[PDB]
Amino acid sequence: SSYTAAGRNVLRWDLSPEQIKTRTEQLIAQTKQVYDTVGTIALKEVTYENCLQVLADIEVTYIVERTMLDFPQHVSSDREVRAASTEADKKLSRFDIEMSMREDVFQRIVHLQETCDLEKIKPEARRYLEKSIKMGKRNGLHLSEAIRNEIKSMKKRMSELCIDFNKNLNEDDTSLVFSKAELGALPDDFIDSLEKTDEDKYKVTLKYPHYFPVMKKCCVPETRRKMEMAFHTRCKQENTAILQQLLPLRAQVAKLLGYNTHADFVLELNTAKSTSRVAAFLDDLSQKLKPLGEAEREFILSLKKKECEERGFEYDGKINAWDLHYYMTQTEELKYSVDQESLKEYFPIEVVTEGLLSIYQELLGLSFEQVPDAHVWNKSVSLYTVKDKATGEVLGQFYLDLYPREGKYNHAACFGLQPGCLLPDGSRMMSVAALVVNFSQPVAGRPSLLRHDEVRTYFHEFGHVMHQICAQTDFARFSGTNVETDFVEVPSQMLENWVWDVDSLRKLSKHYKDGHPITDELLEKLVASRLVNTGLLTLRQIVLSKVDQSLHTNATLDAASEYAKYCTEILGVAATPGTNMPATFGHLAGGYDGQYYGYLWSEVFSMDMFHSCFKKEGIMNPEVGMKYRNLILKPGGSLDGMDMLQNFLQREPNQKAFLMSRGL
Ligand SMILES: C[C@H](NC(=O)N[C@H]1[C@H]2C[C@@H]3C[C@@H](C[C@H]1C3)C2)C(=O)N1CC[C@H](c2ccccc2Cl)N1c1ccccc1F
Ligand SMILES: [Zn+2]
């Protein structure tokens, strides 16, 4: 029955470190047997059934069992359990590298593609075939046993380099000391939170919750100059030496695999296809954003002439790198004047939850229902069952993990826990997602309360949840959010547009003391502040995108001298002499190198689908809402991103609604 939820979630969240250890050993041994069975099938004897189907069946089985093993490390309250889960994940990733080089299994399905008729199977089954083979050729399984052994060795070193790149940055404990006057305009809240030293000064570390208040609030420009120099010289000379190995290594592995650059290797699985497509996209957007950034630099500079005159400071006549977050925060509090704290009194969390669940149910045609006596990894976690309003089909379930505790993931995320694919016995699996965020912890005084940028995160992360749950595919590889990486953030960013709508904000806002709405003047101050500092904030995302694209196109360039080049040519705010920002850029050694363009790439598509389709036909209209559910969310990764796009807009998308978003 695809019309109940009973029996369909049996994920266990109370596993002991011993249970995790042994389930990990048993899953590796059992999955290996299937690979082993396939790889010794005579080529005369292979079928769709005994190669491609047994591979898909073990892939679903692998994914679900893995979730019980690698997810406790992110949400559990027992440290011994989070540690078994971290070790399981390491041991299971060791197993995946091993499986990625199984040429015996790769040879069996190349043969199947060679013989069997491609037009007597399902289009998605054809896709599972073609992309499993493309997978093995992107690992070089079709190549000789000699460069493969060398490619294997080269990749194990990239792994070491990437580990050490971030381990360096995380083991850093660089601090400056300051006085109460050298920390001007910073709140008593922030300064009471700081340690004091033996010469009775205030210790400010270089970590994110210390660095960013100071750069945004401190009225002493020399304190800002010192903190920015320290911030962008973190692991300066040792992470430069890692990039000098890692980036040419990516160029070399890619050329062995038949790709010109590492960026080309990455982009093949993306909707932007090529490096020149990305390059022109990024270049023709800075030419677009140029006079808007010329206007913003002009205004910020005049704020600085004003300020230095009043405070008794010298005026150099530039916006330095340690001056930008300061006067952008002034711009936010001078032009647009939204108190982001008297506004947070209007968003209590019972109300935001209830009216976010209201919007999506009405828009997509769904029915959410909380599970009573629910198995959970924590007491504070809820469970909802998701139905289709018309049929009563149970599509899936989402957990809501809202509040911060020790051991918990401290970023916002949607974890897919179960794929909405087919099961080996012909049946359908229920989708299971987890919304994991850290909204401000409830204290016995008032209700827990949300800032507007927290409502924006709630909404962003719930469209991932709906993408995961509404998706229905035949194979687990295409299930849920498993689309292109420059497309994963379209269903998320598109629904952020709702928290910038007047009518919709009223469904979320209710003062926690009576229940009188936000007034009209405040609601209008709000949605007018959508494009504060847009130019200089968007030009700085392009700088980082041009940087990520450059180091994976020409690996013979100084990373710091490229960052300097883009900072002055695109941003208009110069990189500081002596700094090395790319040596602190954790994305280059995170999993998404060559992929930074894809968050501006994805905004254009969601701006098009919102302005040309939703804003036009009514943004709560359940006919655009069902067409969005069916032609974007439902097919998952079983169709291409630009095809799902054109089935909806009924045309190739353009940047017009994106330029009209920013106001150009
Ligand atoms: C890196 C690894 N690559 C291959 O296994 N490549 C083979 C070789 C190269 C091509 C062709 C053939 C199948 C696949 C793709 C051999 C991989 O993707 N793994 C590791 C086991 C699991 C899996 C993948 C595919 C089918 C079944 C399973 Cl259990 N899968 C996996 C791991 C973590 C999460 C989700 C997953 F799905
Ligand atoms: Zn996201």
Legend entry - Residue within the range 467-476 that is within 22 Å of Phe71 (Cα to Cα), in a helix (DSSP H, G or I) and within 15 Å of ligand 2 (Cβ to nearest atom) present: yes
Inset, instruction - Kindly indicate the residue of the range 638-664 that is over 25 Å from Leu285 (Cα atoms) and either among the polar types (S, T, N, Q) or touching a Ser or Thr at 6+ places or on another chain (Cβ under 7 Å) (or both) and also surrounded by the most Cβ atoms within 10 Å (Cβ to Cβ) among those meeting that condition. - result: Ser638
Legend entry - Filtered residues of the range 478-491 (kept if surrounded by fewer than 23 Cβ atoms within 10 Å (Cβ to Cβ) and assigned to a helix (DSSP H, G or I)): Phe478
Inset, instruction - Could you list all residues from the range 128-182 that are farther than 16 Å from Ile242 by Cα, polar (S, T, N, Q), part of a helix (DSSP H, G or I) and more than 16 Å from ligand 1 (Cβ to nearest atom)? - result: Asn149, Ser153
Legend entry - Of all residues in the range 254-294 being surrounded by fewer than 20 Cβ atoms within 10 Å (Cβ to Cβ) and among the aliphatic types (A, V, I, L, M), the one that is farthest from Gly637 (Cα to Cα): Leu292
Legend entry - Selected residue [touching a residue at least 12 places away in the same chain (Cβ under 8 Å), within 16 Å of ligand 2 (Cβ to nearest atom) and not hydrophobic (A, V, I, L, M, F, W, C)] from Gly396, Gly420, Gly416: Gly416
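When you scan the range 213-296 for helices (runs of 4 or more DSSP H) that lie fully inside it, which ones turn up with 3 or more residues that are within 30 Å of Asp188 (Cα to Cα)? Quick ask: steps written out before the conclusion?
Details: elements: 221-231, 238-256, 262-267.
Per the criteria, 221-231.
Go over the candidates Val455, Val437 one by one and state the one that is crowded, with 17+ Cβ neighbours inside 10 Å, among the β-branched types (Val, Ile, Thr) and either within 16 Å of the chain's Cα centre (by Cα) or within 22 Å of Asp70 (Cβ to Cβ) (or both).
When all the criteria are applied, what remains is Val437.
Table: residues versus (1) more than 14 Å from ligand 2 (Cβ to nearest atom); (2) more than 25 Å from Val386 (Cα to Cα); (3) in contact (Cβ under 8 Å) with a residue 24 or more places away in the chain.
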site	(1), (2), (3)
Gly480	no, no, yes
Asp486	no, yes, yes
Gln493	no, no, yes
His511	yes, yes, yes
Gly515	yes, yes, no
Inset, instruction - Determine whether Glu222 is under 25 Å from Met581 (Cβ atoms), in contact with a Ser or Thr (Cβ under 6 Å, 6 or more places away or on another chain) and assigned by CATH to the domain that holds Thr576. - result: no
Legend entry - Any chance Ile359 is crowded, with 18+ Cβ neighbours inside 10 Å, in the same structural domain as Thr538 (by CATH) and either among the polar types (S, T, N, Q) or not in a strand (DSSP E or B) (or both): no
Inset, instruction - Search the range 170-219 for residues being crowded, with 17+ Cβ neighbours inside 10 Å and of a type in the set (A, V, I, L, M), and hand back the single one that is nearest to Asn580 (Cα to Cα). - result: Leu206
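Please find, within the range 183-209, the residue that is farthest from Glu238 (Cα to Cα) out of those that are assigned to a loop (DSSP other than H, G, I, E, B) and among the hydroxyl-bearing types (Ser, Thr, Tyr).
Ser193
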Legend entry - Considering residues of the range 70-89 that are in contact with an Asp or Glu (Cβ under 7 Å, 6 or more places away or on another chain) and in contact (Cβ under 8 Å) with a residue 24 or more places away in the chain only, the residue nearest to ligand 2 (Cβ to nearest atom): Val75
Inset, instruction - State yes or no: is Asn482 assigned by CATH to the domain that holds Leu364, out of contact with any helix residue (DSSP H, G or I) (no Cβ under 8 Å at 6 or more places or on another chain) and within 16 Å of ligand 1 (Cβ to nearest atom)? - result: yes
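How many residues does the range 87-98 contain that are hydroxyl-bearing (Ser, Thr, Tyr) and surrounded by 15 or more Cβ atoms within 10 Å (Cβ to Cβ)? So that I can check it myself, show each step before the final result.
Quick first cut of the range 87-98, residues hydroxyl-bearing (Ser, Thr, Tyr) only: 93.
Those still in the list that are surrounded by 15 or more Cβ atoms within 10 Å (Cβ to Cβ) too: none.
Total satisfying the criteria: 0.
From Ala263, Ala280, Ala272, which residue is on the phi < 0 side of the Ramachandran plot, hydrophobic (A, V, I, L, M, F, W, C) and touching a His at 6+ places or on another chain (Cβ under 8 Å)?
Values: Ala280 fails: touching a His at 6+ places or on another chain (Cβ under 8 Å); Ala272 fails: touching a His at 6+ places or on another chain (Cβ under 8 Å).
Criteria check complete, one pass: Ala263.
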Inset, instruction - Could you tell me which residue of the range 286-296 is farthest from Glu332 (Cα to Cα), considering only residues that are of a type outside the set (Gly, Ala, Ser) and touching a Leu at 6+ places or on another chain (Cβ under 7 Å)? - result: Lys288
Legend entry - Output for the range 47-69, where each listed residue is out of contact with any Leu (no Cβ under 8 Å at 6 or more places or on another chain), among the β-branched types (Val, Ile, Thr) and either in contact (Cβ under 8 Å) with a residue 40 or more places away in the chain or within 16 Å of ligand 2 (Cβ to nearest atom) (or both): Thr61, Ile63
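Does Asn654 fit the bill of being of a type outside the set (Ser, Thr, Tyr), closer than 17 Å to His464 by Cα and without any contact (Cβ under 8 Å) to a residue 60 or more places away in the chain? Break it down into steps so the answer makes sense when it comes.
On the way: of a type outside the set (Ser, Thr, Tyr): yes; closer than 17 Å to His464 by Cα: no; without any contact (Cβ under 8 Å) to a residue 60 or more places away in the chain: yes.
When the stated conditions are applied, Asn654 does not pass them.
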Inset, instruction - Give just the number: which of (1) out of contact with any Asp or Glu (no Cβ under 6 Å at 6 or more places or on another chain); (2) in a loop (DSSP other than H, G, I, E, B); (3) within 25 Å of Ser337 (Cα to Cα); (4) not hydroxyl-bearing (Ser, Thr, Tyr) does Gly445 not satisfy? - result: (3)
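Cβ: placed from backbone, ideal geometry, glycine included. Neighbour counts: every protein chain shown. All of this is worked out from the model, or read from it or from the source named; no laboratory read-out is quoted.
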